[PDB]
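Source file: query04.cif (mmCIF, C-alpha atoms and all ligand atoms)
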data_entry
#
loop_
_atom_site.group_PDB
_atom_site.id
_atom_site.type_symbol
_atom_site.label_atom_id
_atom_site.label_comp_id
_atom_site.auth_asym_id
_atom_site.auth_seq_id
_atom_site.Cartn_x
_atom_site.Cartn_y
_atom_site.Cartn_z
ATOM 1 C CA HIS A 4 -15.031 4.345 13.881
ATOM 2 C CA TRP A 5 -12.804 1.669 12.431
ATOM 3 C CA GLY A 6 -9.204 1.143 13.394
ATOM 4 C CA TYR A 7 -6.700 -1.537 14.376
ATOM 5 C CA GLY A 8 -7.549 -2.029 18.064
ATOM 6 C CA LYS A 9 -9.306 -4.845 19.888
ATOM 7 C CA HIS A 10 -12.753 -3.277 19.611
ATOM 8 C CA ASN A 11 -12.548 -1.642 16.177
ATOM 9 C CA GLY A 12 -9.963 -3.677 14.258
ATOM 10 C CA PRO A 13 -10.099 -5.865 11.161
ATOM 11 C CA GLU A 14 -12.411 -8.497 12.679
ATOM 12 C CA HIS A 15 -15.017 -5.755 13.256
ATOM 13 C CA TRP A 16 -14.861 -3.994 9.882
ATOM 14 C CA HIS A 17 -17.514 -6.190 8.211
ATOM 15 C CA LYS A 18 -20.240 -4.612 10.383
ATOM 16 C CA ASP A 19 -19.828 -1.199 8.731
ATOM 17 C CA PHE A 20 -18.356 -2.577 5.461
ATOM 18 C CA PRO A 21 -19.968 -5.948 4.691
ATOM 19 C CA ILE A 22 -17.799 -6.353 1.587
ATOM 20 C CA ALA A 23 -15.071 -7.269 4.103
ATOM 21 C CA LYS A 24 -16.358 -10.848 3.621
ATOM 22 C CA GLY A 25 -16.470 -10.518 -0.168
ATOM 23 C CA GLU A 26 -15.118 -12.623 -2.992
ATOM 24 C CA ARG A 27 -11.964 -10.611 -3.818
ATOM 25 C CA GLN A 28 -10.635 -9.184 -0.554
ATOM 26 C CA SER A 29 -7.036 -8.125 0.147
ATOM 27 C CA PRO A 30 -4.420 -8.748 1.337
ATOM 28 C CA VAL A 31 -3.760 -12.452 0.712
ATOM 29 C CA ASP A 32 -0.979 -14.904 1.368
ATOM 30 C CA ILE A 33 1.086 -15.413 -1.772
ATOM 31 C CA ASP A 34 1.849 -19.122 -1.935
ATOM 32 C CA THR A 35 4.859 -19.005 -4.248
ATOM 33 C CA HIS A 36 4.657 -22.637 -5.293
ATOM 34 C CA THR A 37 0.973 -22.274 -6.299
ATOM 35 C CA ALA A 38 1.279 -18.952 -8.126
ATOM 36 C CA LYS A 39 1.440 -19.697 -11.827
ATOM 37 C CA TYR A 40 3.991 -18.137 -14.120
ATOM 38 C CA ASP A 41 2.101 -16.323 -16.902
ATOM 39 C CA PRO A 42 4.292 -15.675 -19.987
ATOM 40 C CA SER A 43 1.665 -13.363 -21.429
ATOM 41 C CA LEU A 44 2.226 -10.847 -18.604
ATOM 42 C CA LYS A 45 4.186 -7.816 -19.753
ATOM 43 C CA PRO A 46 6.908 -5.966 -17.868
ATOM 44 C CA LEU A 47 5.558 -3.276 -15.612
ATOM 45 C CA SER A 48 6.069 0.249 -16.906
ATOM 46 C CA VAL A 49 6.760 2.600 -13.991
ATOM 47 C CA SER A 50 7.072 6.168 -15.310
ATOM 48 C CA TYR A 51 7.731 8.379 -12.285
ATOM 49 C CA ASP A 52 10.116 10.963 -13.797
ATOM 50 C CA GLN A 53 7.597 13.815 -13.796
ATOM 51 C CA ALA A 54 6.031 13.019 -10.402
ATOM 52 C CA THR A 55 4.858 16.063 -8.396
ATOM 53 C CA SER A 56 4.488 15.316 -4.707
ATOM 54 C CA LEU A 57 2.273 17.754 -2.808
ATOM 55 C CA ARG A 58 1.702 16.989 0.880
ATOM 56 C CA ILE A 59 2.369 14.422 3.593
ATOM 57 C CA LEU A 60 -0.485 13.674 5.991
ATOM 58 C CA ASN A 61 -1.213 11.617 9.102
ATOM 59 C CA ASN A 62 -4.731 10.339 8.459
ATOM 60 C CA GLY A 63 -5.074 8.380 11.711
ATOM 61 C CA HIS A 64 -4.457 5.027 9.997
ATOM 62 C CA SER A 65 -1.111 5.614 8.236
ATOM 63 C CA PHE A 66 0.882 8.500 6.803
ATOM 64 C CA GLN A 67 0.331 9.334 3.132
ATOM 65 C CA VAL A 68 2.301 11.304 0.548
ATOM 66 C CA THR A 69 -0.050 12.769 -2.066
ATOM 67 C CA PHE A 70 0.736 13.629 -5.674
ATOM 68 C CA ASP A 71 -0.713 15.834 -8.408
ATOM 69 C CA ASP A 72 -2.923 13.400 -10.342
ATOM 70 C CA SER A 73 -4.511 16.041 -12.604
ATOM 71 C CA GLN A 74 -2.224 15.059 -15.516
ATOM 72 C CA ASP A 75 -0.291 11.976 -16.646
ATOM 73 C CA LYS A 76 2.834 12.810 -14.632
ATOM 74 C CA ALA A 77 3.634 9.648 -12.674
ATOM 75 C CA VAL A 78 1.926 6.678 -14.270
ATOM 76 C CA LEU A 79 1.889 2.900 -14.078
ATOM 77 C CA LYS A 80 1.183 0.913 -17.246
ATOM 78 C CA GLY A 81 1.851 -2.522 -18.679
ATOM 79 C CA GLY A 82 2.104 -5.610 -16.543
ATOM 80 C CA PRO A 83 -1.421 -6.999 -16.166
ATOM 81 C CA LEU A 84 -2.957 -3.573 -16.780
ATOM 82 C CA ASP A 85 -4.958 -2.203 -19.688
ATOM 83 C CA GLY A 86 -4.487 1.516 -20.075
ATOM 84 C CA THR A 87 -2.839 4.121 -17.917
ATOM 85 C CA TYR A 88 -2.962 4.523 -14.151
ATOM 86 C CA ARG A 89 -2.015 7.779 -12.417
ATOM 87 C CA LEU A 90 -0.167 7.827 -9.098
ATOM 88 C CA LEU A 91 -2.290 9.533 -6.440
ATOM 89 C CA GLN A 92 -0.565 8.689 -3.159
ATOM 90 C CA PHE A 93 1.650 6.291 -1.312
ATOM 91 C CA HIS A 94 1.463 5.134 2.284
ATOM 92 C CA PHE A 95 2.770 2.321 4.459
ATOM 93 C CA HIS A 96 1.596 -0.421 6.817
ATOM 94 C CA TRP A 97 4.016 -1.540 9.544
ATOM 95 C CA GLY A 98 4.376 -3.482 12.768
ATOM 96 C CA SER A 99 5.292 -3.034 16.393
ATOM 97 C CA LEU A 100 8.199 -5.467 15.829
ATOM 98 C CA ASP A 101 10.196 -6.374 12.743
ATOM 99 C CA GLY A 102 8.524 -9.788 12.320
ATOM 100 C CA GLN A 103 5.144 -8.311 11.418
ATOM 101 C CA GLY A 104 3.723 -5.321 9.608
ATOM 102 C CA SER A 105 3.163 -6.340 6.017
ATOM 103 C CA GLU A 106 -0.329 -6.991 4.693
ATOM 104 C CA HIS A 107 0.527 -9.466 1.981
ATOM 105 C CA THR A 108 2.592 -12.422 3.101
ATOM 106 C CA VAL A 109 4.838 -14.703 1.061
ATOM 107 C CA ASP A 110 4.593 -18.380 1.986
ATOM 108 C CA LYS A 111 3.163 -17.096 5.291
ATOM 109 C CA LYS A 112 6.234 -14.859 5.880
ATOM 110 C CA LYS A 113 5.400 -11.385 7.192
ATOM 111 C CA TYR A 114 7.707 -8.485 6.404
ATOM 112 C CA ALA A 115 8.360 -5.526 8.700
ATOM 113 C CA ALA A 116 6.300 -3.166 6.552
ATOM 114 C CA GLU A 117 4.628 -2.760 3.195
ATOM 115 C CA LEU A 118 4.595 0.248 0.858
ATOM 116 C CA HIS A 119 1.486 0.868 -1.263
ATOM 117 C CA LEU A 120 1.790 3.117 -4.323
ATOM 118 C CA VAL A 121 -1.830 3.811 -5.250
ATOM 119 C CA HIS A 122 -2.800 4.527 -8.866
ATOM 120 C CA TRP A 123 -6.172 4.973 -10.600
ATOM 121 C CA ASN A 124 -7.306 4.168 -14.127
ATOM 122 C CA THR A 125 -7.583 7.358 -16.179
ATOM 123 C CA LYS A 127 -10.479 5.973 -18.207
ATOM 124 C CA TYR A 128 -12.676 6.638 -15.141
ATOM 125 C CA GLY A 129 -11.624 10.277 -14.841
ATOM 126 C CA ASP A 130 -11.266 10.566 -11.055
ATOM 127 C CA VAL A 131 -10.354 8.269 -8.191
ATOM 128 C CA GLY A 132 -13.849 8.362 -6.680
ATOM 129 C CA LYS A 133 -15.277 6.919 -9.870
ATOM 130 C CA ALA A 134 -12.400 4.468 -10.211
ATOM 131 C CA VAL A 135 -13.087 2.949 -6.786
ATOM 132 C CA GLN A 136 -16.517 1.853 -8.031
ATOM 133 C CA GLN A 137 -14.992 -0.195 -10.877
ATOM 134 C CA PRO A 138 -13.457 -3.698 -10.769
ATOM 135 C CA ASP A 139 -10.400 -2.405 -12.670
ATOM 136 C CA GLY A 140 -10.363 1.085 -11.184
ATOM 137 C CA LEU A 141 -7.135 1.019 -9.147
ATOM 138 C CA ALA A 142 -3.696 -0.536 -9.394
ATOM 139 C CA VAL A 143 -1.713 -0.716 -6.168
ATOM 140 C CA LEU A 144 1.984 -1.479 -6.404
ATOM 141 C CA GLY A 145 2.967 -3.210 -3.164
ATOM 142 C CA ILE A 146 6.571 -3.346 -2.011
ATOM 143 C CA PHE A 147 7.803 -5.226 1.039
ATOM 144 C CA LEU A 148 10.209 -3.673 3.548
ATOM 145 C CA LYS A 149 12.706 -5.722 5.533
ATOM 146 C CA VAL A 150 15.012 -4.333 8.201
ATOM 147 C CA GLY A 151 18.743 -4.161 7.619
ATOM 148 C CA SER A 152 20.565 -1.485 5.605
ATOM 149 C CA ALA A 153 19.023 1.973 5.242
ATOM 150 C CA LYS A 154 17.087 3.033 2.137
ATOM 151 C CA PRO A 155 18.485 6.490 1.294
ATOM 152 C CA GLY A 156 15.444 7.421 -0.791
ATOM 153 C CA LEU A 157 13.194 6.951 2.253
ATOM 154 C CA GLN A 158 15.122 9.334 4.509
ATOM 155 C CA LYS A 159 13.358 12.518 3.356
ATOM 156 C CA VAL A 160 10.055 10.898 4.382
ATOM 157 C CA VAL A 161 11.349 9.686 7.740
ATOM 158 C CA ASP A 162 12.782 13.079 8.648
ATOM 159 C CA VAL A 163 9.445 14.931 8.313
ATOM 160 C CA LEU A 164 7.363 12.470 10.370
ATOM 161 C CA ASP A 165 7.984 14.396 13.588
ATOM 162 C CA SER A 166 5.930 17.239 12.049
ATOM 163 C CA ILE A 167 2.862 15.012 11.463
ATOM 164 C CA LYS A 168 2.895 13.005 14.687
ATOM 165 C CA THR A 169 -0.860 12.950 15.335
ATOM 166 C CA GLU A 170 -4.026 12.402 13.337
ATOM 167 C CA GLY A 171 -4.980 15.338 11.139
ATOM 168 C CA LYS A 172 -1.554 16.902 10.784
ATOM 169 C CA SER A 173 -0.095 17.613 7.353
ATOM 170 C CA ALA A 174 2.931 19.351 5.849
ATOM 171 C CA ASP A 175 4.065 20.510 2.479
ATOM 172 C CA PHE A 176 6.188 17.666 0.898
ATOM 173 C CA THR A 177 7.230 18.811 -2.578
ATOM 174 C CA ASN A 178 9.942 17.442 -4.879
ATOM 175 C CA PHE A 179 9.912 13.918 -3.459
ATOM 176 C CA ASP A 180 11.022 11.312 -5.992
ATOM 177 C CA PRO A 181 9.245 7.968 -5.425
ATOM 178 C CA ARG A 182 11.747 6.199 -7.697
ATOM 179 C CA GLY A 183 13.998 6.164 -4.640
ATOM 180 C CA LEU A 184 11.658 3.638 -2.980
ATOM 181 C CA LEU A 185 11.809 0.960 -5.705
ATOM 182 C CA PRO A 186 13.862 -2.240 -5.622
ATOM 183 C CA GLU A 187 16.067 -3.298 -8.522
ATOM 184 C CA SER A 188 13.705 -5.891 -9.953
ATOM 185 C CA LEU A 189 10.172 -5.287 -11.158
ATOM 186 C CA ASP A 190 9.296 -8.993 -11.049
ATOM 187 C CA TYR A 191 5.835 -9.255 -9.543
ATOM 188 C CA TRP A 192 2.831 -11.288 -8.531
ATOM 189 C CA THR A 193 -0.623 -10.067 -9.511
ATOM 190 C CA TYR A 194 -4.215 -10.857 -8.544
ATOM 191 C CA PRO A 195 -7.597 -9.082 -8.407
ATOM 192 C CA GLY A 196 -8.340 -7.718 -4.953
ATOM 193 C CA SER A 197 -9.551 -4.861 -2.813
ATOM 194 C CA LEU A 198 -8.580 -1.887 -0.743
ATOM 195 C CA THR A 199 -7.104 -3.189 2.512
ATOM 196 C CA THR A 200 -8.756 -0.449 4.592
ATOM 197 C CA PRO A 201 -12.412 0.635 4.648
ATOM 198 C CA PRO A 202 -14.275 0.936 2.422
ATOM 199 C CA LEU A 203 -12.571 -2.330 1.295
ATOM 200 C CA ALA A 204 -13.835 -1.716 -2.246
ATOM 201 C CA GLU A 205 -13.143 -4.542 -4.698
ATOM 202 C CA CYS A 206 -11.527 -2.263 -7.258
ATOM 203 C CA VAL A 207 -7.797 -3.105 -7.139
ATOM 204 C CA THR A 208 -5.472 -4.934 -9.493
ATOM 205 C CA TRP A 209 -2.726 -5.824 -7.019
ATOM 206 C CA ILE A 210 0.862 -5.862 -8.253
ATOM 207 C CA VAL A 211 3.191 -7.077 -5.499
ATOM 208 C CA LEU A 212 6.921 -6.955 -6.149
ATOM 209 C CA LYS A 213 8.973 -10.056 -5.364
ATOM 210 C CA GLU A 214 12.040 -8.097 -4.234
ATOM 211 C CA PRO A 215 11.771 -6.226 -0.922
ATOM 212 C CA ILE A 216 13.550 -3.048 -0.149
ATOM 213 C CA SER A 217 15.741 -2.838 2.915
ATOM 214 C CA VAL A 218 15.250 -0.042 5.450
ATOM 215 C CA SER A 219 17.214 0.550 8.617
ATOM 216 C CA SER A 220 16.038 -0.051 12.160
ATOM 217 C CA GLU A 221 16.275 3.717 12.713
ATOM 218 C CA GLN A 222 13.989 4.387 9.744
ATOM 219 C CA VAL A 223 11.281 1.965 10.877
ATOM 220 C CA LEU A 224 11.544 3.196 14.481
ATOM 221 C CA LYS A 225 10.499 6.607 13.196
ATOM 222 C CA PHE A 226 7.338 5.082 11.680
ATOM 223 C CA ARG A 227 6.549 3.591 15.091
ATOM 224 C CA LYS A 228 6.706 7.002 16.813
ATOM 225 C CA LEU A 229 3.644 8.235 14.920
ATOM 226 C CA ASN A 230 0.314 8.329 16.774
ATOM 227 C CA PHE A 231 -3.117 6.975 15.881
ATOM 228 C CA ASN A 232 -4.681 9.560 18.182
ATOM 229 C CA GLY A 233 -5.118 13.245 17.608
ATOM 230 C CA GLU A 234 -3.123 15.849 19.483
ATOM 231 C CA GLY A 235 -4.219 16.091 23.113
ATOM 232 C CA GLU A 236 -5.773 12.607 23.197
ATOM 233 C CA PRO A 237 -4.261 9.628 25.053
ATOM 234 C CA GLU A 238 -1.191 8.548 23.110
ATOM 235 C CA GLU A 239 -1.587 5.284 21.192
ATOM 236 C CA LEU A 240 1.414 4.565 18.995
ATOM 237 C CA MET A 241 0.612 4.025 15.314
ATOM 238 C CA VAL A 242 1.875 0.448 14.995
ATOM 239 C CA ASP A 243 0.352 -2.740 13.610
ATOM 240 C CA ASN A 244 -1.802 -0.863 11.100
ATOM 241 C CA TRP A 245 -2.056 -3.918 8.836
ATOM 242 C CA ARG A 246 -4.977 -6.118 7.832
ATOM 243 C CA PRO A 247 -4.202 -9.860 7.947
ATOM 244 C CA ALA A 248 -4.395 -12.151 4.941
ATOM 245 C CA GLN A 249 -7.927 -12.853 3.699
ATOM 246 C CA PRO A 250 -9.333 -15.950 1.969
ATOM 247 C CA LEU A 251 -8.131 -16.357 -1.588
ATOM 248 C CA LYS A 252 -11.473 -17.880 -2.648
ATOM 249 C CA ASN A 253 -11.918 -18.171 -6.426
ATOM 250 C CA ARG A 254 -8.681 -16.455 -7.443
ATOM 251 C CA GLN A 255 -5.350 -17.392 -8.986
ATOM 252 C CA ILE A 256 -2.209 -15.423 -8.279
ATOM 253 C CA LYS A 257 -0.064 -15.025 -11.385
ATOM 254 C CA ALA A 258 3.705 -14.488 -11.455
ATOM 255 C CA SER A 259 5.545 -12.419 -14.053
ATOM 256 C CA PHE A 260 8.657 -14.553 -13.512
ATOM 257 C CA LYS A 261 9.866 -18.109 -13.188
HETATM 258 N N1 LIG B 1 -4.235 0.089 1.642
HETATM 259 S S1 LIG B 1 -4.645 0.188 0.040
HETATM 260 O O1 LIG B 1 -5.445 -1.087 -0.391
HETATM 261 O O2 LIG B 1 -3.399 0.532 -0.831
HETATM 262 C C1 LIG B 1 -5.740 1.570 -0.211
HETATM 263 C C2 LIG B 1 -5.601 2.328 -1.365
HETATM 264 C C3 LIG B 1 -6.449 3.387 -1.598
HETATM 265 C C4 LIG B 1 -7.430 3.673 -0.674
HETATM 266 O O3 LIG B 1 -8.299 4.735 -0.919
HETATM 267 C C5 LIG B 1 -7.565 2.910 0.478
HETATM 268 N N2 LIG B 1 -8.584 3.176 1.463
HETATM 269 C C6 LIG B 1 -8.602 4.460 2.098
HETATM 270 O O4 LIG B 1 -7.801 5.302 1.811
HETATM 271 N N3 LIG B 1 -9.635 4.670 3.068
HETATM 272 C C7 LIG B 1 -9.726 5.947 3.758
HETATM 273 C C8 LIG B 1 -10.722 5.912 4.921
HETATM 274 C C9 LIG B 1 -12.181 5.699 4.499
HETATM 275 C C10 LIG B 1 -12.637 6.245 3.307
HETATM 276 C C11 LIG B 1 -13.962 6.043 2.939
HETATM 277 C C12 LIG B 1 -14.776 5.300 3.783
HETATM 278 C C13 LIG B 1 -14.245 4.792 4.957
HETATM 279 N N4 LIG B 1 -12.982 4.999 5.285
HETATM 280 C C14 LIG B 1 -6.730 1.840 0.712
HETATM 281 ZN ZN ZN B 2 -2.323 0.254 1.952
#
Re-express the file's structure as structure tokens.
Ligand SMILES: NS(=O)(=O)c1ccc(O)c(NC(=O)NCCc2ccccn2)c1
Ligand SMILES: [Zn+2]
Amino acid sequence: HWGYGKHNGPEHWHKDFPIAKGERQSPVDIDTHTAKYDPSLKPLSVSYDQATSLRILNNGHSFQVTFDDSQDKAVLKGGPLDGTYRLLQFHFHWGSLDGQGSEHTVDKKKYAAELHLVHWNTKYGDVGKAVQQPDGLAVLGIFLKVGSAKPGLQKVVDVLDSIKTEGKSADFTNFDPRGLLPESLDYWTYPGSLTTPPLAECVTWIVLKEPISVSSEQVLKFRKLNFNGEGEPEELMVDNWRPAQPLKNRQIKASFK
């Protein structure tokens, strides 16, 4: 089974998921001087006021907060998108040290972590159908750097000790994901893929230029999670990121100058 170790990590994934070598894989390095400003791109519309968080889960590859996606409660619209995308979950990728952890890079710079807010296109009715479509998902990616604390992350950090090992979950209601967003919604966008198996080429990526800052204490709590299940040899959940993949026949567009 796939993971992030020497014998099951990203360089092995293509054996079970041959699309790993496909034409629109993620993440990628964002070369800021080569991204082209597109004046036709609209502002992103992030409408999270009615979000209903449900549960937080350690799935053995990250921790995920899930939302009620049975109605248009927390939706992403505008930007490069046509139609309405419902928020299903968010999760993070992070490093063993502050100089690595992000999936996307910016002029080869790696951030300490990366937040993925995962949304699916309501025209396909459910996320399983959306993953089989080239415009099925929109993932809003937000970089994390280490410095000052992010107060809106603290409720997440404080429950992680209850989901230490793979398969554990907890009720996580009334969490407001607006507390995770930076000031600016300036973004880069490109067509890509899921960054974990099945690596489906179904994602419009929207990566925010402005990182959020989190404290060293907050990221240390991420690094105390375990990849293993309870009772198995402890392997800290760190470095759960896929490296940048070939850009191939794609242009990254910027919403800003
Ligand atoms: N990391 S990401 O590109 O935001 C992203 C977003 C939504 C997703 O469903 C995934 N992939 C994911 O959750 N995979 C779960 C594990 C799995 C599911 C199906 C087959 C093999 N492995 C990644
Ligand atoms: Zn992700």
(request) Pull the neighbourhood of (-7.5, -13.5, -12.9) for me: all residues within 8 Å in file coordinates, counting all atoms listed in the file, as a list in words. (result) residues 194, 195, 254, 255, 256 and 257 of chain A
(request) Can you work out the spacing between CA of residue 38 (chain A) and CA of residue 200 (chain A) in Å, to one decimal? (result) 24.6 Å
(request) Could you tell me which residues the PyMOL selection byres (((not hetatm)) within 7 of (chain B and resi 1)) returns for this structure, as a list in words? (result)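 Applying the expression gives residues 119, 120, 121, 143, 197, 198, 199, 200, 201, 202 and 203 of chain A.
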Next, dump the selected residues to file, keeping only C-alpha atoms, as a PDB file, in the coordinates of the input.
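Heads up, here's the output in result.pdb:
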ATOM      1  CA  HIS A 119       1.486   0.868  -1.263  1.00  0.00           C
ATOM      2  CA  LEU A 120       1.790   3.117  -4.323  1.00  0.00           C
ATOM      3  CA  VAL A 121      -1.830   3.811  -5.250  1.00  0.00           C
ATOM      4  CA  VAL A 143      -1.713  -0.716  -6.168  1.00  0.00           C
ATOM      5  CA  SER A 197      -9.551  -4.861  -2.813  1.00  0.00           C
ATOM      6  CA  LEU A 198      -8.580  -1.887  -0.743  1.00  0.00           C
ATOM      7  CA  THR A 199      -7.104  -3.189   2.512  1.00  0.00           C
ATOM      8  CA  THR A 200      -8.756  -0.449   4.592  1.00  0.00           C
ATOM      9  CA  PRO A 201     -12.412   0.635   4.648  1.00  0.00           C
ATOM     10  CA  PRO A 202     -14.275   0.936   2.422  1.00  0.00           C
ATOM     11  CA  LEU A 203     -12.571  -2.330   1.295  1.00  0.00           C
TER      12      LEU A 203
END
(request) Tell me which protein, DNA and RNA residues are within 9 Å of region 124-128 of chain A, counting all atoms listed in the file, leaving out same-chain ones fewer than 4 positions away, and put them as a list in words. (result) residues 75, 85, 86, 87, 88, 89, 132, 133, 134, 137, 139, 140, 141 and 142 of chain A
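If you look at CA of residue 238 (chain A) and CA of residue 164 (chain A), they are 15.8 Å away from each other.
When all atoms listed in the file are used to compute distances to residue 182 (chain A), the closest of the residues A:249, A:232, A:50, A:28 turns out to be A:50.
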(message) I'd like to know which of A:159, A:149, A:80, A:10 is closest to residue 123 (chain A), using all atoms listed in the file.
(response) A:80
(request) Would you kindly return, as JSON, numbers by chain, each protein, DNA or RNA residue with an atom no farther than 9 Å from any atom of residue 222 (chain A), considering all atoms listed in the file and excluding same-chain residues fewer than 2 positions away? (result) {"A": [150, 153, 154, 157, 158, 161, 162, 218, 219, 220, 224, 225, 226]}
(request) Go through the shown structure with the PyMOL selection byres (((chain A and resi 92) around 8) and not hetatm) and write out the matching residues as a list in words. (result)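 With the PyMOL selection byres (((chain A and resi 92) around 8) and not hetatm) on this model, the match is residues 67, 68, 69, 70, 90, 91, 93, 94, 120, 121 and 122 of chain A.
If only C-alpha atoms are the atoms counted, then among A:215, A:171, A:196, A:63 the closest residue to residue 146 (chain A) is A:215.
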(message) Set the distance at 9 Å and use all atoms listed in the file: which residues neighbour residue 111 (chain A) once local chain neighbours fewer than 5 positions away are removed? I'd like the list as a ChimeraX atom specification.
(response) /A:32-34
Name every residue that the PyMOL selection byres (((chain A and resi 12) around 12) and not hetatm) selects in this structure, writing the answer as a short mmCIF file (atom, residue, chain, number, x, y, z; two decimals) with C-alpha atoms, in the frame of the given file with chains first and numbers rising.
data_model
loop_
_atom_site.label_atom_id
_atom_site.label_comp_id
_atom_site.auth_asym_id
_atom_site.auth_seq_id
_atom_site.Cartn_x
_atom_site.Cartn_y
_atom_site.Cartn_z
CA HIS A 4 -15.03 4.34 13.88
CA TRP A 5 -12.80 1.67 12.43
CA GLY A 6 -9.20 1.14 13.39
CA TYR A 7 -6.70 -1.54 14.38
CA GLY A 8 -7.55 -2.03 18.06
CA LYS A 9 -9.31 -4.84 19.89
CA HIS A 10 -12.75 -3.28 19.61
CA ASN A 11 -12.55 -1.64 16.18
CA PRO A 13 -10.10 -5.86 11.16
CA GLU A 14 -12.41 -8.50 12.68
CA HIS A 15 -15.02 -5.76 13.26
CA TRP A 16 -14.86 -3.99 9.88
CA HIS A 17 -17.51 -6.19 8.21
CA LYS A 18 -20.24 -4.61 10.38
CA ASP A 19 -19.83 -1.20 8.73
CA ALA A 23 -15.07 -7.27 4.10
CA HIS A 64 -4.46 5.03 10.00
CA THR A 200 -8.76 -0.45 4.59
CA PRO A 201 -12.41 0.64 4.65
CA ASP A 243 0.35 -2.74 13.61
CA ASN A 244 -1.80 -0.86 11.10
CA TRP A 245 -2.06 -3.92 8.84
CA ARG A 246 -4.98 -6.12 7.83
CA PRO A 247 -4.20 -9.86 7.95
#
(request) Please identify all polymer residues lying at most 6 Å from the point (11.9, -7.8, -6.1) (file coordinates), using all atoms listed in the file, and present the result as a ChimeraX atom specification. (result) /A:186,188-190,212-215
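Comparing A:234, A:41, A:110, A:117 by their smallest distance to ligand ZN 2 (chain B), the closest is A:117 (using all atoms listed in the file).
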Let me have the centre and edge lengths of the axis-aligned box enclosing all listed atoms of region 196-210 of chain A with 5 Å padding on every side, in Å to one decimal, as JSON.
{"center_x": -6.7, "center_y": -3.4, "center_z": -2.4, "size_x": 25.1, "size_y": 18.7, "size_z": 24.1}
(request) Pick out the residues sitting within 10 Å of residue 169 (chain A), and hand them over as a VMD selection string; count only C-alpha atoms, and ignore anything fewer than 4 positions along from it in its own chain. (result) chain A and resid 60 to 63 66 164 to 165 173 228 to 236 238 to 241
Would you write out those residues with C-alpha atoms, as an mmCIF file, in the frame of the given file?
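Once everything was written out, this is result_36.cif:
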data_model
loop_
_atom_site.group_PDB
_atom_site.id
_atom_site.type_symbol
_atom_site.label_atom_id
_atom_site.label_comp_id
_atom_site.auth_asym_id
_atom_site.auth_seq_id
_atom_site.Cartn_x
_atom_site.Cartn_y
_atom_site.Cartn_z
ATOM 1 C CA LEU A 60 -0.485 13.674 5.991
ATOM 2 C CA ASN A 61 -1.213 11.617 9.102
ATOM 3 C CA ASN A 62 -4.731 10.339 8.459
ATOM 4 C CA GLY A 63 -5.074 8.380 11.711
ATOM 5 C CA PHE A 66 0.882 8.500 6.803
ATOM 6 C CA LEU A 164 7.363 12.470 10.370
ATOM 7 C CA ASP A 165 7.984 14.396 13.588
ATOM 8 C CA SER A 173 -0.095 17.613 7.353
ATOM 9 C CA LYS A 228 6.706 7.002 16.813
ATOM 10 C CA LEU A 229 3.644 8.235 14.920
ATOM 11 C CA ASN A 230 0.314 8.329 16.774
ATOM 12 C CA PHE A 231 -3.117 6.975 15.881
ATOM 13 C CA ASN A 232 -4.681 9.560 18.182
ATOM 14 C CA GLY A 233 -5.118 13.245 17.608
ATOM 15 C CA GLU A 234 -3.123 15.849 19.483
ATOM 16 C CA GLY A 235 -4.219 16.091 23.113
ATOM 17 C CA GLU A 236 -5.773 12.607 23.197
ATOM 18 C CA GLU A 238 -1.191 8.548 23.110
ATOM 19 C CA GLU A 239 -1.587 5.284 21.192
ATOM 20 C CA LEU A 240 1.414 4.565 18.995
ATOM 21 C CA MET A 241 0.612 4.025 15.314
#
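With distances restricted to only C-alpha atoms, A:183 is the closest residue to residue 52 (chain A) from A:104, A:183, A:156, A:145.
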